Amino acid sequence: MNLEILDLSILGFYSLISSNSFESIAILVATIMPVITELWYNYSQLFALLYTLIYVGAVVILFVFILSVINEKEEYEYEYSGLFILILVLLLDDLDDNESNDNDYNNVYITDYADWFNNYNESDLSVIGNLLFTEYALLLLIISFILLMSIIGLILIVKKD
Amino acid sequence: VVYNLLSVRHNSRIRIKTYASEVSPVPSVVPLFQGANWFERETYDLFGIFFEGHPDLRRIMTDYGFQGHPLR
Amino acid sequence: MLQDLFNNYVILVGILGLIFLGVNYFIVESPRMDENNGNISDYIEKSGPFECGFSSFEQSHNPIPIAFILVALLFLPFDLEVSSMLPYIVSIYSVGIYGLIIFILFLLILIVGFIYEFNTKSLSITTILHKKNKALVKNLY
Amino acid sequence: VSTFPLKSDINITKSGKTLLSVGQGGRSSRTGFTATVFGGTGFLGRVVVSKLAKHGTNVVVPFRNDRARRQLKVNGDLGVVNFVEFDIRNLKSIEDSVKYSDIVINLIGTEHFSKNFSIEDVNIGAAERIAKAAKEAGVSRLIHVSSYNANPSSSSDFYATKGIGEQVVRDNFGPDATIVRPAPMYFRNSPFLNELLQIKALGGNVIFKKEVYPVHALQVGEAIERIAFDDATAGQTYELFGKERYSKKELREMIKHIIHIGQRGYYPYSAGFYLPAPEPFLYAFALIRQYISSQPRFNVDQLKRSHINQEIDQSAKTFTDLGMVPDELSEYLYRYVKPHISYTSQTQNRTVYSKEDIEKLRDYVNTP
Amino acid sequence: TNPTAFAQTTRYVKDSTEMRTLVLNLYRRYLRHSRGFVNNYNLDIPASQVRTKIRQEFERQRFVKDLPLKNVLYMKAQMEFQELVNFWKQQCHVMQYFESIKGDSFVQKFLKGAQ
Amino acid sequence: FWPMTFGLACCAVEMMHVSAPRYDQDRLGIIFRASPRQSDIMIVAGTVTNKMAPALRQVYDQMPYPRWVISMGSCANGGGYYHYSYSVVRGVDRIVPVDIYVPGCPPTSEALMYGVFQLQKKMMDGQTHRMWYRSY
Amino acid sequence: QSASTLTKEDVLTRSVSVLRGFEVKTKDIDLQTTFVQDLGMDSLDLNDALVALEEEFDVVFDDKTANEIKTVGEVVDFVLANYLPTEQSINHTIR
Amino acid sequence: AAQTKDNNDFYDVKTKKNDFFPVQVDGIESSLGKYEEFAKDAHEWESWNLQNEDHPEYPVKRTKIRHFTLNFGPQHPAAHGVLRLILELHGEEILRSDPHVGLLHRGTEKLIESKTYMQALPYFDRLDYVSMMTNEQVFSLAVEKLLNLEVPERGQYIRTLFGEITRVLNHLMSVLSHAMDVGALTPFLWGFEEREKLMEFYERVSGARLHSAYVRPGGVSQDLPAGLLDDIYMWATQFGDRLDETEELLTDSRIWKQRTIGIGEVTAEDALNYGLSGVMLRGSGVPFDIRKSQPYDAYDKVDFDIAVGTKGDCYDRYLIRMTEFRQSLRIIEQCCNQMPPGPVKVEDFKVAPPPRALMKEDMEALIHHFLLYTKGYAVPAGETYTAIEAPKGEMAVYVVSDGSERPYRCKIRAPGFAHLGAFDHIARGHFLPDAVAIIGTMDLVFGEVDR
Ligand SMILES: CCCCCCCCCCCCCCCCCC(=O)OC[C@H](COP(=O)(O)OCCN)OC(=O)CCCCCCCCCCCCCCCCC
Ligand SMILES: NC(=O)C1=CN([C@@H]2O[C@H](COP(=O)(O)OP(=O)(O)OC[C@H]3O[C@@H](n4cnc5c(N)ncnc54)[C@H](OP(=O)(O)O)[C@@H]3O)[C@@H](O)[C@H]2O)C=CC1
Ligand code: SF4
């Protein structure tokens with residue numbers, strides 16, 4: 001039983017019924033956690049950890065803004081929905097989870113063959129840094145330039161002075 | 001109504017006595033002495049003396065919505 | 001590398017957290033064994049917010065001004081800069097002097113942001129009151 | 001309540017004592033009476049003990065729970081409230097409670113049974129024992145509180161034992177024993193309203209169809225005060241009920257709107273507000289929890305009583321015989337379900353349901 | 001220093017016409033804040049009942065003639081208003097304020113010791 | 001034994017000296033908590049006035065069970081020096097149940113510790129779970 | 001959005017209904033209808049009506065105007081000239 | 001002030017002044033017609049709005065929202081007892097402070113009129129209940145002044161000796177509790193053991209650790225027990241190290257100075273106008289002390305120095321209160337070395353009780369003992385305003401005598417009452433943690449404030 005399917009089923013239910021802004025900042029965290037875990041267990045543990053290191057800091061800053069802008073509006077308001085229309089919507093959605101229509105690509109299993117030629121064996125992050133700091137160093141230096149612009153941009157927007 | 005004043009310059013003390021009734025307004029010295037703000041509030045709270053010109057005159061010692069002026 | 005032992009530990013941590021809630025739930029005497037003031041739902045005098053004894057305005061959903069919001073926003077650009085050094089940490093030897101110079105250039109462009117924030121005093125606290133000393137002057141005649 | 005609960009400052013008990021009263025009726029005053037309230041730590045005892053102790057009547061409160069009795073001492077002045085550790089299986093402790101009292105009030109009664117006490121032990125065995133112990137101690141007035149549908153020949157083990165308990169109280173204490181038959185009582189932390197205010201009420205489609213004539217608990221506590229201090233009420237049976245008849249389905253639905261659980265079209269159905277179940281499942285679950293759960297849950301006999309509606313005994317006396325007007329649940333329903341309203345807390349504007357608004361809501365509930 | 005919210009400076013009014021206007025303005029403020037009183041103090045009655053209670057207290061002092069008594073009554077009515085709006089009174093005090101309310105015959109009082 | 005910080009008047013000075021190094025209540029496991037949620041003992045150390053009584057009752061009601069109340073000093077016991085005052089409650093037991101009464105004006109630190117030891121003795125006699133077995 | 005949608009006929013119509021729920025001498029209310037003469041309101045009744053007309057239209061009469069108001073038409077004039085919709089949150093408008 | 005059209009209790013319509021020209025626009029038209037031809041349907045066309053929200057005079061009805069209002073109520077460690085400090089915050093910045101008191105108002109002044117002068121004395125033990133003996137002294141001085149009596153020489157020195165022991169007892173409570181509220185827990189524990197040693201001297205002379213009705217009109221209730229001065233002198237030999245160790249954790253600490261430097265600044269003008277006295281006045285540059293201005297009870301026969309600040313903030317007053325620690329210890333040593341022999345109470349049995357041995361042999365002693373405890377002593381009609389340098393500041397009593405054995409009126413001037421009345425002026429601008437520092441630097445005991 002792939003229990004990640006159940007997790008996304010609950011998350012989709014709570015995204016349809018979410019009312020206030022605090023629930024939305026919880027839908028975000030309830031989305032990154034399935035992403036981080038599935039990356040950890042299937043494809044990339046490096047990027048599972050990079051997601052946690054960067055998105056959490058963004059989440060708390062996002063949460064602190066909710067405190068300064070919460071404006072009483074959706075606590076006392078009413079929503080109608082209907083339990084039957086919610087579950088029927090989620091049932092129809094769950095029916096079609098085939099993002100791709102290449103049946104052979106989705107059904108036939110493949111393998112790779114290992115070789116011993118790579119005797120200098122290092123992590124993916126060392127190769128990523130090796131290329132990023134040598135061949136795509138321009139991409140890194142532009143990213144540094146964009147980060148500098150954000151620093152100036154945030155000040156010229158928020159600072160009253 | 002009794003006002004005890006202190007002069008740190010000359011190291012001297014003086015007293016001012018004035019009179020009042022239950023309905024006769026009394027001038028407030030809060031504009032002159034900002035330290036009289038609470039003392040006038042206490043005097044009103046426990047006696048019921050009408051301090052005209054007090055920026056915020058109200059109960060300071062008795063319970064909220066207390067009927068009566070205890071020191072009479 | 002095998003992480004099957006790590007998987008069992010994570011499972012135990014998840015179960016262990018629910019044990020504290022459950023054990024406290026099964027151990028506490030039922031309210032009828034206590035003073036018997038009913039279920040906690042009815043006892044609104046207990047479930048109300050703490051305000052040191054005196055009730056006040058219920059301002060839960062009102063907005064709260066935040067004096068350090070600019071510093072909080074600038075945390076994100078600097079957090080990304082710190083996370084950008086991770087590729088260099090584990091590849092310092094391979095990139096050699098070429099990568100080291102590029103690493104310095106990455107940091108030198110971001111140091112202009114540090115100079116900018118210092119000179120603009122953007123990392124201060126945004127007070128709404130200001131204490132200024134007025135001068136007393138006499139328009140004599 | 002009032003300021004002085006007596007028509008005079010002198011009262012001669014039917015046992016021969018003459019009791020004078022002192023003071024104007026405050027905490028420092030006395031009425032000269034000593035009363036014993038069995039079951040004073042219960043829901044109704046706290047109402048009764050508070051009304052007796054506030055006017056200076058010495059109250060003996062026999063307790064089995066040491067924590068529950070502590071709040072009773074605050075009701076009276078020094079020396080007014082007295083505690084006796086007791087058990088209905090202990091005879092010396094029962095006599096000690098009534099040894100000095102001129103009035104004995106019996107509020108002991110359960111709708112459940114446990115490993116130690118059956119419904120026959122409490123609703124009959126305790127009531128009979130207390131009535132006899134009261135008589136040997138020379139108590140002038142006995143007041144026994146049965147249920148609203150007391151009947152010695154009832155299909156319900158609670159209604160039957162309550163009905164038999166009425167008989168045994170008169171057969172021991174004599175014809176002068178007074179009997180009270182309260183309807184379901186509503187108040188703060190009321191057992192009647194608590195099951196209606198609970199969210200996850202299983203099998204409400206069966207349980208909540210019973211119709212009743214609910215009565216304010218303060219009036220029932222006030223009526224008992226009238227009965228004890230007026231000897232013309234000896235040997236009488238009182239049916240204390242409200243003027244209006246409600247079915248628990250109506251009140252359950254009326255409460256839902258006051259709690260504003262219906263603000264969402266999905267939330268009540270998702271949260272378990274409606275939990276329909278076949279009656280055999282309700283029987284098995286009630287039967288199973290009777291030997292597994294340690295706390296008194298909805299038992300088998302309460303399932304049977306869900307079908308039996310409240311029948312007012314027409315030969316008994318009412319509030320009007322005591323010179324009192326019954327309160328209306330419409331004028332008190334809001335303030336007693338007010339603690340359970342979800343957001344409230346001066347968010348935008350409270351919806352204070354007046355007496356007129358509650359009756360308007362009742363029609364809307366009954367509209368399909 | 002600064003005064004608290006809804007604070008008025010104390011002044012001795014010497015004109016009955018000016019006093020009458022000040023009383024009517026304050027009476028309107030009591031009516032407008034009636035819904036606020038129900039919200040803050042969690043009363044079990046509608047705001048319509050609160051406004052009725054306010055009118056009764058103003059009707060009690062309807063026929064006070066002496067000007068010095070008017071100023072003291074007005075000053076005390078302003079203090080109470082500042083107390084209610086700012087939520088300085090505890091909820092128990094406001095609940096008991098609405099708890100306020102046939103006299104017995106001679107014999108009835110005689111039997112119970114009278115007053 | 002976690003009392004709630006509720007020092008009202010000169011009776012609070014002696015309660016602060018119980019935490020002082022000479023007596024050091026902390027060695028007995030006694031820690032003062034600011035919030036009523038973390039407290040199970042309420043020590044009323046000082047005069048209870050009419051202006052304070054509703055706040056005192058609200059603070060008491062917010063303590064989760066099991067909760068005990070200690071009344072310390074003549075003010076809290078029966079009013080004391082201010083018994084005939086227009087603005088004093090004549091005993092804290094008119095507002096909250098009291099489990100033990102500590103006498104003195106003020107009670108000494110040892111007098112308060114003795115009162116705590118009496119409460120701990122009564123707490124060790126509790127039979128809540130055997131009450132369920134044998135009385136219910 | 002942040003502008004009035006009031007007409008003279010609606011404000012008069014809502015004013016009449018709110019004034020009909022009081023104890024007035026006549027139910028025939030128009031613009032020229034005075035409060036003291038036609039409806040018969042003393043000092044306290046008039047201010048009960050003004051606050052009632054305040055709550056209906058979510059407006060607040062100033063002290064100078066309220067003390068000097070005579071006719072029903074004056075109220076309708078005041079509401080039309082001074083009514084503003086209440087500001088909404090930063091999300092109600094742009095979303 | 002007054003409900004107006006654009007400003008009332010519930011909302012306001014705020015318009016700024018127009019910086020730009022009042023430009024006139026007439027004849028609005030589109031390419032299909034004039035404005036009036038489509039103005040009926042222009043309500044649905046956002047591009048047809050003639051009112052611009054950036055204009056300074058754009059009408060906006062804004063509800064008046066209560067600012068963040070916090071009850072810094074009685075149940076709070078910062079408040080030294082029962083203080084319902086109501087703060088209107090902007091985040092954590094204080095905008096307005098409303099100290100609500102009377103939670104410890106017990107009607108002491110009302111009750112005193114019902115008591116004789118001897119019976120009313122213990123009431124003073126319970127106003128400033130860490131500086132107990134100083135409170136008794138100001139009442140005793142006022143009654144002695146009205147009685148036209150004076151304490152003998154040894155009695156005056158005893159009141160000076162325990163006047164400075166009491167001052168140390170107060171500053172240990174004040175300085176260390178203020179430090180503990182800032183976050184320095186350890187100095188509180190060290191110095192409270194010094195309080196235990198000092199309260200041992202309190203208990204040996206009177207029999208009560210705290211409420212020692214020992215200073216009475218005419219002298220002291222009982223003489224010093226044998227061996228007391230040696231214990232006091234032995235304590236004094238070590239107390240210098242205790243003060244130094246406390247200063248090791250606070251005085252030069254950068255964290256302590258960041259919490260106190262520039263916090264709660266008070267100008268010398270505002271200190272006088274608001275009636276601040278003692279350390280609050282002296283921290284602002286004013287060198288005024290009541291022990292020097294109006295000397296009393298052998299303070300003229302000892303030597304001490306007054307510390308005066310220059311910046312009038314919390315750090316200046318901390319240094320001043322630490323100097324007074326050492327100046328009191330200087331006085332304590334002198335009193336121990338200069339205590340004279342002789343009677344401790346006035347030699348008058350119409351005011352002071354006779355000895356028990358004389359009471360049970362002399363008829364006139366037994367009459368005076370009988371009359372003192374059943375009627376008190378009459379005080380000539382008059383009034384007085386007597387002030388002392390209490391550890392909190394200037395404490396004074398305004399006593400009115402009607403010629404009887406009971407005081408007609410007794411108004412107690414509490415230094416903390418005046419200090420708390422300036423809190424809103426001082427704490428404005430500062431943040432919520434700074435209110436904790438300002439409260440602790442005033443030395444607020446609310447029994448004194450409320451009484
Ligand atoms: C250690 C476990 C921590 C979580 C345990 C609690 C379980 C509750 C749900 C957790 C997340 C599941 C998906 C929910 C996404 C957010 C949607 C939401 O609004 O929260 C649901 C919660 C329930 O409120 P409810 O009364 O049912 O609905 C409103 C009725 N008007 O409404 C609330 O606002 C309460 C939310 C409390 C704060 C939760 C913060 C999010 C934490 C997520 C960590 C786990 C990541 C998600 C893993 C599950 C994915 C489905
Ligand atoms: N809606 C209602 O509440 C109705 C009430 N009644 C009857 O009124 C009376 C008052 O009950 P109420 O206060 O409302 O709620 P409770 O269930 O709390 O009444 C039970 C009282 O009697 C005591 N009791 C039960 N069994 C025993 C036992 N073996 N030994 C000693 N004491 C026992 C209980 O003591 P303890 O508190 O220590 O557990 C409690 O005080 C009851 O007899 C009830 O049958 C009938 C119709 C309506
Ligand atoms: S009992 Fe005595 S020591 Fe305790 S608070 Fe009252 S006056 Fe102070």
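Going by the PDB entry, chain E carries the name BA75_04796T0 and comes from Komagataella pastoris. In the PDB, the entry goes by the title "Closed state with NUQM and without flavoprotein (classification state 2) of Pichia pastoris mitochondrial complex I in cMSP26 nanodiscs". The heading Subcellular location (unreviewed entry) in the UniProt record of chain E holds the text "Mitochondrion inner membrane". Turning to chain E, the UniProt record has this under Sequence similarities (unreviewed entry): "Belongs to the complex I LYR family."

## With respect to the sheet that holds strand β2 (residues 41-45) of chain F
Residues and elements named next belong to chain F. Pairing within the open sheet is parallel, and its four strands lie in the order β1-β2-β3-β4. Sheet topology places β1 (3-4) and β4 (100-102) at the edges, where each strand pairs with a single neighbour. Pairing between strand β3 (residues 68-72) and β4: three bridges, direction parallel. Looking at the pairing, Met72 lines up with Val102 of β4. Contacts from helix α1 (residues 11-18) reach β2 and β3, with the element oriented near 130° to β2. Contacts from helix α2 (residues 53-61) reach β1, β2 and β3 within the one sheet, and its direction differs from that of β2 by about 160°.

## Some details on the site of ligand 3
Looking at ligand 3, the residues that line it are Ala9, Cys10, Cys11, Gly46, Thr47, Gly73, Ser74, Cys75, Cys105 and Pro106 of chain F together with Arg126 and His211 of chain H. Nearby residues place ligand 3 at the junction of chains F and H. Among the elements that take part in the shell around ligand 3, helix α3 (residues 73-78) of chain F stands out by supplying three residues, more than any other. Considering only residue class, the shell around ligand 3 consists of six nonpolar, five polar and one charged.

## Focus: the interface of chain C and chain A
Every contact between the two is made by 45 residues of chain C and, on the other side, 39 residues of chain A. Summing the contributions of chain C and of chain A, the shared interface buries around 3,900 Å²; its carbon and sulfur component is 76%. If you look at where chain C meets chain A, you find zero salt bridges. The tally of links from chain C across to chain A stands at five residue pairs in polar contact. Broken down by secondary-structure element, the contributors of at least two residues to the side of chain C that touches chain A are α1 (4-27), α3 (69-83), α4 (86-89) and α5 (92-120) of chain C. The dominant element in the side of chain C that touches chain A, judged by the number of residues it contributes, is α5 of chain C, at 15 residues. Along the lines of polarity and charge, the residues of the side of chain C that touches chain A split into 28 nonpolar, 13 polar and four charged.

## With respect to the interface of chain G and chain A
Facing four residues of chain G, the contacting portion of chain A comprises four residues. Taking both sides of the interface into account, the surface hidden between chain G and chain A amounts to around 290 Å²; carbon and sulfur atoms contribute 53%. Contact with chain A buries area across many residues of chain G, yet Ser89, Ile90 and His92 of chain G alone supply 86% of it, more than any other trio. Joining chain G to chain A, the criterion identifies zero salt bridges. Summed over the shared surface of chain G and chain A, the number is three residue pairs in polar contact. When its residues are assigned to classes, the side of chain G that touches chain A shows one nonpolar, three polar and no charged.

## Considering the side chain of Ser56 of chain C
Positionally, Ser56 of chain C belongs in the loop between α2 (44-47) and α3. Judged by relative accessible area, which is 18%, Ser56 of chain C ranks as buried. Polar contacts involving the side chain of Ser56 of chain C include one to the side chain of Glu51 of chain C, which spans 3.4 Å. Once residues lying within four places of it in the same chain are set aside, the contact partners of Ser56 of chain C are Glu51 of chain C, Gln346 of chain D, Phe87 of chain E together with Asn71 of chain H.

## A short note on helix α2 (residues 21-43) of chain A
Each turn of an α-helix holds 3.6 residues, which means side chains three or four residues apart point in the same direction. The end-to-end C-alpha distance of α2 of chain A, which contains 23 residues, comes to 32 Å, matching closely the 33 Å that a straight helix rising 1.5 Å per residue would cover. Turning to α2 of chain A, its buried residues are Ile25, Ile27, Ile32, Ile36 and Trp40 of chain A. Elements in contact with the buried residues of α2 of chain A: α1 (3-17) and α3 (45-69) of chain A together with α1 of chain C. Two to three positions downstream of the cap, the backbone nitrogen of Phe22 of chain A sits 2.9 Å from a side-chain oxygen, assigning the N-cap of α2 of chain A to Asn20 of chain A.

## Some remarks on a positive patch on the surface
Taken together, the side chains of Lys160 of chain A together with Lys14, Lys16 and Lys64 of chain H define a basic patch exposed on the protein surface. Within the fold, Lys16 of chain H resides in the loop between β1 (11-13) and α1 (35-38).

## Let's talk about the pairing of strand β1 (residues 2-7) of chain B
Residues and elements named next belong to chain B. Pairing geometry for β1 and strand β2 (residues 12-17), over six bridges, is antiparallel. From the neighbouring strand, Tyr3 faces β2, where its bridge partner is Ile16. The turn joining β1 and β2, which pair antiparallel and follow one another in sequence, is formed by four residues; a positive phi near 55° is taken by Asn11.

## Description of the arrangement of the chains
The protein chains that touch form 18 pairs of chains, and the pair with the most contacts between them is chains A and C. Structurally, chain F and chain G remain out of contact, their C-alpha atoms never closer than 34 Å. One thing to see here is that chain D and chain H don't touch, and their nearest C-alpha atoms sit 12 Å from each other.

Quick notes on the rules
Residues numbered from 1 in each chain as written, not as in the entry; some residues may be left out. Chains lettered and ligands numbered in written order. Part of a larger assembly, values for the part shown. Heavy atoms only, no water. UniProt positions renumbered as here; feature names shortened; annotations may be inferred. Pairing = 2+ DSSP bridges. Helix = DSSP H or I, 4+ residues; strand = E, 2+ residues; numbered from the N terminus. Contact = heavy atoms within 4.5 Å. Axes fitted to C-alpha atoms, helices over the stretch in contact; angles between N-to-C directions. Near = heavy atom within 4 Å. Nonpolar A, V, L, I, M, F, W, Y, C, P; charged D, E, K, R; others polar. Buried area = accessible area lost by both parts, 1.4 Å probe. Salt bridge = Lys/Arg side-chain N within 4 Å of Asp/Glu carboxyl O. Polar contact = N/O pair within 3.5 Å; in protein donor to acceptor, adjacent residues only side chain to side chain. Buried < 20%, exposed > 50% of the residue type's maximum accessible area, 1.4 Å probe, protein only. Expected span 1.5 Å × (residues − 1). Patch = residues over 30% accessible without salt bridge, like charges linked within 9 Å, V, L, I, M, F, W, Y side chains within 5 Å. Areas by Shrake-Rupley, 256 points an atom, 1.4 Å probe, with all protein chains shown as cover. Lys, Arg positive; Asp, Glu negative; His and termini not counted. Charge placed at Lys NZ, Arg CZ, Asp CG, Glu CD.

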